[PDB]
Amino acid sequence: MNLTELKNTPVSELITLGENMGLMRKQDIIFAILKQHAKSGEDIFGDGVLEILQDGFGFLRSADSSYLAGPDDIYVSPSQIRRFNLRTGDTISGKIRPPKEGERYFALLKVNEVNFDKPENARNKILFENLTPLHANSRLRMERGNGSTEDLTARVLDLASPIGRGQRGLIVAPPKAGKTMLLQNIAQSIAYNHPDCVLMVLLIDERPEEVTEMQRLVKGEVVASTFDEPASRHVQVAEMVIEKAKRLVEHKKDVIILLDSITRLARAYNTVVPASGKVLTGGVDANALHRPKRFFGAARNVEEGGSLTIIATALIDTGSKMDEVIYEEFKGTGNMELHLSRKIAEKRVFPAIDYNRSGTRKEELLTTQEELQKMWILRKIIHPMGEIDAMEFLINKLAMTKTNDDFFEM
Amino acid sequence: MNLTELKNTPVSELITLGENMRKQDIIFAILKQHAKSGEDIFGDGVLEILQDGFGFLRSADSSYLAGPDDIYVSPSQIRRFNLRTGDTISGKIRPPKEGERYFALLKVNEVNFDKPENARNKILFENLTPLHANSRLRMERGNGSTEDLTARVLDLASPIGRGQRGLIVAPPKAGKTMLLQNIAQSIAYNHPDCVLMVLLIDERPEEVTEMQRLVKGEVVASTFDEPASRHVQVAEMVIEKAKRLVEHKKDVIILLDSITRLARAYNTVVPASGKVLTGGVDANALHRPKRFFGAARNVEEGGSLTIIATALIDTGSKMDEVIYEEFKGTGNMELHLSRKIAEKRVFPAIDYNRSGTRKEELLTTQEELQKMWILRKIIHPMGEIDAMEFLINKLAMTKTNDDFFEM
RNA sequence: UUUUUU
Ligand SMILES: Nc1ncnc2c1ncn2[C@@H]1O[C@H](COP(=O)(O)OP(=O)(O)O)[C@@H](O)[C@H]1O
Ligand SMILES: Nc1ncnc2c1ncn2[C@@H]1O[C@H](COP(=O)(O)OP(=O)(O)O)[C@@H](O)[C@H]1O
Ligand code: BEF
Ligand code: BEF
Ligand code: BEF
Ligand SMILES: [Mg+2]
Ligand SMILES: [Mg+2]
């Protein structure tokens, strides 16, 4: 019946349909199954994400290829685009027919769904670039409230630096400070308390095993480009994922991108960027931080509905200036920053947060005056201490209570 | 009757054989008379695909260098089993014809120690699924030797599992190179199953000599005398070969020495870019070092690739400190030694505070975790010399199992 | 390459 489902199904299950149907590697099999079905006059359909090209024609890339070239892409004539003012990144599904003689890929016969809805109103929606941005109004609690070793990290986060819809936050740390895992922890908390928010996890250049473990423990879009992949691929994949987010927000949707190693993407851009000379400090070109700044500055809050929030990990104290530079370039664009110390982790104390450098901007919109000056006191009391001291202190002070309970107490 | 054997055979020995039947000249002669009557010949090597599409079979004595006795491999055959560089091949062969200068692959008998036919079903390495280390690699020995102390402390400070992308950092003179030797011997005794390769790139040649005579396995090497270009090629041959076996679901462990030297050899050999990183190291000169080191991994399909290499710090350049940070962010088993603790002649000079591996909980049992955690809490305070001596004495008492138990 | 970048 449908392509994607045919490509999902196991090898052996396809085979029983083949013999029963009537009549070779999996690709061959599914193609053969499709042709007979199509000759019978029965409808066919696949699903993919739009990618307009230079010549004006576009394709429907698959998620199982990081949205890069795929032998199963579906052609979308320029005619089909102008008909629904489609843009790169739109998620489309519809009836399609196999490649006639000569034609190499399947073709989009007719469109049914544009970004999960009807393409007839997806022409009246206001453009992403003309939306009206705001600070985070609505809020995102991370304390699922489960009295566990993990909900500690969530709570501490919820206290040090709160998150809101449209959060352009950033998690700064030096290798092995728990950043990546903290991201994982944030992911799971968002899934439990916010199934309504669409979750996309983008891993640019971080560890292979991390991607596979992420997929299994995370519910949602998991796109990745390991360090195996060249910088070319990293930029392609990430740029595809950012446009996809933009499009859904256009449909007044709330999306959440978790990017591991944003600075890795900054380096990937660096190599890709044409040398302008005037190399900045740390061997970083002057124009190489435009695209990445534009990628991060993309997250925002819309006054007409939906929103896009990006939380990425930054790298500091690594012997290189590049990282210091990239940290300041994004800190001067984001709305939230959370630092972790390389020392609150060597002690094995977790989460190893540097509560002194953490914090978000415009907190009085993401909290009630009471919780506000509650955290303000918690801040005052801790500032004078040290990194590990403050933490251990902080932690065991709430190891025995709920977030609100702890409050009432203290 | 077999090329490889005739090659390693001493010049004077097989002289007797000759009469009943230049040394390179003679070997050519000797095979050609073995081929005259139709008697078979047998050779072996590691395929190296080239731009033309056809490949050669490199030998270990050449260090996988261009070799005169190499076996040409028709692209025809490669397609037959879709081979790739680094594969180990052996099979029937015939003597080079007049005009022809090198030997050719008549037929294939076995690919990667396995019947040639099976290659088609094997899943590609890049398409394999990774995970955090599952099985555990213990260096501890019941021997209770004077030297076993290092294996035991390392086993405590920083566990190693299958597919462990480890890294060992110290200032020169810290016994980091020699620890690597020790580590090499330990898995040799406790793990015959694991395929063992030792790669020495650039660092000293006496070390090469020491290692080969004392290590049970393959010893690929490239002294610093050699330009940066072989260092690259020899290392790349090794890593590809290691990837081949993991495709077979085998367990490969590479004890790379002077990984920073490899990164530097990559730096010396790289297209110029306008930007340069701190330390002089090129901004775009670390992708290849990263992919090489990040090659190690764990597979659900079966088999594993484990790479553990030496890293230099407090070098006097920042290249080295920057490169340490770079692999730090890729690996999952960092190690450290200190000059101050090696000064006093106390060994290992291991710095427990800085040492550590990621996701130890899967490698160690709950009991193992608690004792380790207790230990680290107690040692954290103590100084490198004081702390180290402090545990060493207790370690001399009993192997780590008994020591933690009495504790 | 010099400047920038180290
Ligand atoms: N909260 C925590 N709980 C348990 N282990 C942790 C925690 N934070 C850090 N770690 C340990 O630190 C290691 C590396 O941290 P990770 O966040 O993966 O690195 P990075 O921050 O550089 O991405 C992990 O393998 C884990 O064992
Ligand atoms: N555990 C040890 N026992 C005895 N000698 C040691 C020990 N560790 C290091 N050394 C000495 O330190 C010297 C330098 O260490 P080595 O690891 O060989 O060089 P590097 O650490 O620079 O690679 C060695 O020659 C060795 O004699
Ligand atoms: F080493 Be972490 F992933 F920055
Ligand atoms: F981050 Be500020 F706007 F310089
Ligand atoms: F010269 Be040693 F290997 F630091
Ligand atoms: Mg990380
Ligand atoms: Mg050495």
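Easy rule for this one: first residue shown is 1, then count along the chain.
Cβ from N, Cα, C; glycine included.
As given in Swiss-Prot:
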BINDING   B:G161, B:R162, B:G163, B:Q164, B:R165, B:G166, B:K173, B:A174, B:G175, B:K176, B:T177, B:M178, B:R204  ATP binding site
DOMAIN    B:40-115  domain 'Rho RNA-BD'
REGION    B:53-58  region 'RNA-binding 1'
REGION    B:276-280  region 'RNA-binding 2'
SITE      B:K318  site 'RNA-binding 2'
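Rounded to a whole number, the C-alpha distance linking B:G175 (ATP binding site) with B:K318 (site 'RNA-binding 2') is 21 angstrom.
Of all the binding-site residues listed (B:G161, B:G163, B:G175), B:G175 has the fewest other CB atoms within 10 A of its CB.
Sequence-distant contacts (6 or more apart, same chain, Cβ under 8 Å) of B:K318 (site 'RNA-binding 2') comprise B:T278, B:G279.
For B:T177 (ATP binding site), the same-chain residues that are 6 or more apart in sequence and have a Cβ closer than 8 Å to its Cβ are B:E203, B:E207, B:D257, B:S258, B:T310. According to DSSP, B:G161 (ATP binding site) is assigned to a strand segment. In sequence order, the recorded positions from B:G161, B:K173, B:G175, B:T177, B:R204, B:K318 that place a Cβ under 8 angstroms from a chain A Cβ are B:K318. A helical conformation is recorded for B:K318 (site 'RNA-binding 2') in the three-state DSSP classification. Selection of the recorded positions B:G161, B:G163, B:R165, B:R204, B:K318 by a Cβ distance under 6 Å from ligand 2 yields an empty set. It is B:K173, among the binding-site residues B:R165, B:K173, B:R204, whose Cβ has the fewest other Cβ atoms within 10 Å in the structure shown.
The binding-site residues near ligand 5, defined by a Cβ under 6 Å from one of its atoms, are B:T177, chosen from B:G163, B:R165, B:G175, B:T177. Listed binding-site residues: B:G163, B:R165, B:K173. Those with a CB atom under 6 Å from ligand 7: none.
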